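What's counted below: heavy atoms across the whole structure, side chains too, no hydrogens, waters or symmetry copies. This chain uses plain numbering: 1 for the first residue, then up along the sequence.
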Amino acid sequence: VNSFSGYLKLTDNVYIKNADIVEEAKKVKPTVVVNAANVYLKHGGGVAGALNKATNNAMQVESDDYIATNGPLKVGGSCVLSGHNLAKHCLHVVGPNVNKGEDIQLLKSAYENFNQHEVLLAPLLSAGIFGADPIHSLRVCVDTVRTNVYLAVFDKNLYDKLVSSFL
Ligand SMILES: O=C(O)Cc1ccc(Cl)c(Cl)c1
């Protein structure tokens, strides 16, 4: 049993809700919240900007020290940093950004990072401003992630479209 409420069950291990991931994280305080990061951990917009704003920029401060020490992530890669006030940990995962011309084929690699954590609160990788087809992203998620993932979809109309079209 866990603290996630009102999620629709898609598969054995994947659940989905129309929710703001920031508000979800603040309510649940999951062990792991996933950030839809870029390789520089520059948390400007989208989920990253929203999570970082909710940490009062502490996520960005920590991230800048991480990059200064380690250099950028890979597209498809991840790192574990603090969850600050939102979660125990934040798993920063870099899905490909189609609007930057990155290879959509790296989306599966990005979702494989979730398998290192038993339970996660996450957004749909590579959807929204990342420019990928969200139906595709959900399919890759369910076909790749084996651990328990609670997907928080911000856009209402998108949530309805994802559920109605799910195979
Ligand atoms: O939750 C959504 O509505 C879809 C989505 C997923 C990722 C990002 Cl970064 C964004 Cl902006 C939106």
Side-chain angles (χ1 to χ4, degrees), residues 2-8 10-11 13-26 28-55 58-60 62-63 66-67 70 72-98 102 104 106-132 134 136-155 158-159 162:
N2 64 47
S3 174
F4 292 105
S5 180
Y7 286 75
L8 175 66
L10 293 178
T11 68
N13 63 299
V14 180
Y15 294 79
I16 194 164
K17 185 180 179 181
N18 179 198
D20 180 349
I21 194 173
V22 171
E23 291 310 312
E24 208 74 357
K26 284 197 276 193
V28 173
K29 282 288 232 72
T31 304
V32 180
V33 65
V34 173
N35 180 32
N38 56 55
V39 295
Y40 305 109
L41 303 179
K42 285 174 40 108
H43 307 307
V47 166
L51 290 171
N52 176 58
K53 174 174 178 195
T55 75
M59 179 179 282
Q60 189 63 67
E62 179 196 27
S63 292
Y66 174 91
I67 297 285
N70 299 107
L73 300 177
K74 299 171 179 172
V75 179
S78 69
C79 67
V80 179
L81 290 175
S82 179
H84 301 276
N85 52 314
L86 300 177
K88 185 169 196 298
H89 306 285
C90 180
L91 179 70
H92 294 273
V93 179
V94 185
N97 189 322
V98 174
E102 294 171 353
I104 195 54
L106 294 164
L107 186 53
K108 189 170 180 79
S109 297
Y111 274 115
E112 286 170 344
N113 294 289
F114 289 27
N115 287 326
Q116 300 293 320
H117 305 276
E118 291 197 344
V119 180
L120 313 92
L121 172 62
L124 266 175
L125 299 178
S126 305
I129 70 169
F130 279 71
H136 175 66
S137 180
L138 180 53
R139 180 27 65 192
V140 176
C141 178
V142 160
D143 291 347
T144 303
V145 180
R146 296 180 302 284
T147 57
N148 297 317
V149 54
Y150 289 86
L151 292 168
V153 182
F154 183 82
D155 186 290
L158 178 59
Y159 175 84
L162 288 171

Atom of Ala25, atom of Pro30 and distance for their closest heavy-atom approach: O-CD, 3.7 Å
Partner residues of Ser78 under the side-chain hydrogen bond (donor to acceptor under 3.5 Å, both in side chains) criterion, sequence neighbours left out: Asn113
Heavy-atom side-chain contact between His117 and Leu91 under 4.5 Å: yes
Partner set under side-chain hydrogen bond (donor to acceptor under 3.5 Å, both in side chains) for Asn2, not counting sequence neighbours: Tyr150
Please list every donor-acceptor pair under 3.5 Å in which a side-chain atom of residues 38-45 meets a protein atom from a residue at least two apart or in another chain.
{"unit_1": "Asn38", "atom_1": "OD1", "unit_2": "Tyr40", "atom_2": "N", "d": "3.2"}
{"unit_1": "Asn38", "atom_1": "OD1", "unit_2": "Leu41", "atom_2": "N", "d": "3.1"}
{"unit_1": "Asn38", "atom_1": "OD1", "unit_2": "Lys42", "atom_2": "N", "d": "3.0"}
{"unit_1": "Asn38", "atom_1": "ND2", "unit_2": "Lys42", "atom_2": "O", "d": "2.9"}
{"unit_1": "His43", "atom_1": "ND1", "unit_2": "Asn35", "atom_2": "ND2", "d": "3.3"}
{"unit_1": "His43", "atom_1": "NE2", "unit_2": "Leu41", "atom_2": "O", "d": "3.3"}
{"unit_1": "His43", "atom_1": "NE2", "unit_2": "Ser63", "atom_2": "OG", "d": "2.8"}

Exercise: identify the closest heavy-atom pair between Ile21 and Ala122: CD1-C, 3.7 Å
Distance-only polar pair, side chains of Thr144 and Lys108, donor-acceptor under 3.5 Å: yes
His89 side chain reached by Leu81 side chain, heavy atoms, under 4.5 Å: no
Shortest non-hydrogen separation from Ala19 to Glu24 and the atoms involved: CB-OE1, 3.7 Å
Pairs touching residues 119-132 that satisfy side chain to side chain donor-acceptor pair (under 3.5 Å), sequence neighbours left out: none
Flag side-chain contact, heavy atom, 4.5 Å: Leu120 against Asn148: no
Side-chain heavy atoms of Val34 within contact of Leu121, under 4.5 Å: no
Approximate separation, where rounding is to 0.5 Å, of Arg139 CZ and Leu107 CG: 12.5 Å
Which residues share a side-chain hydrogen bond (donor to acceptor under 3.5 Å, both in side chains) with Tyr159, sequence neighbours left out: none
Check: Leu125 and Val140 side chains under 4.5 Å, non-hydrogen atoms: no
Non-hydrogen atoms of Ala110 and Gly95 that approach each other most closely: CB-CA, 4.0 Å
Results of side-chain hydrogen bond (donor to acceptor under 3.5 Å, both in side chains) for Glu102 - residues two or more places apart only: none
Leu106 to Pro96 - nearest heavy-atom pair and separation: C-CD, 4.0 Å
Atom of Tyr7, atom of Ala152 and distance for their closest heavy-atom approach: OH-CB, 4.5 Å
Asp20 side chain vs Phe154 backbone, donor-acceptor pair below 3.5 Å: no
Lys17 side-chain N/O to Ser5 backbone N/O, donor-acceptor pair under 3.5 Å: yes
Flag, side chain of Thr147 to backbone of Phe114, donor-acceptor distance under 3.5 Å: yes
Close side-chain approach of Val28 and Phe4, heavy atoms under 4.5 Å: yes
Separation of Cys90 SG from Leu51 CG (nearest 0.5 Å): 6.0 Å
N/O donor-acceptor pair under 3.5 Å between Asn115 side chain and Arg146 backbone: yes
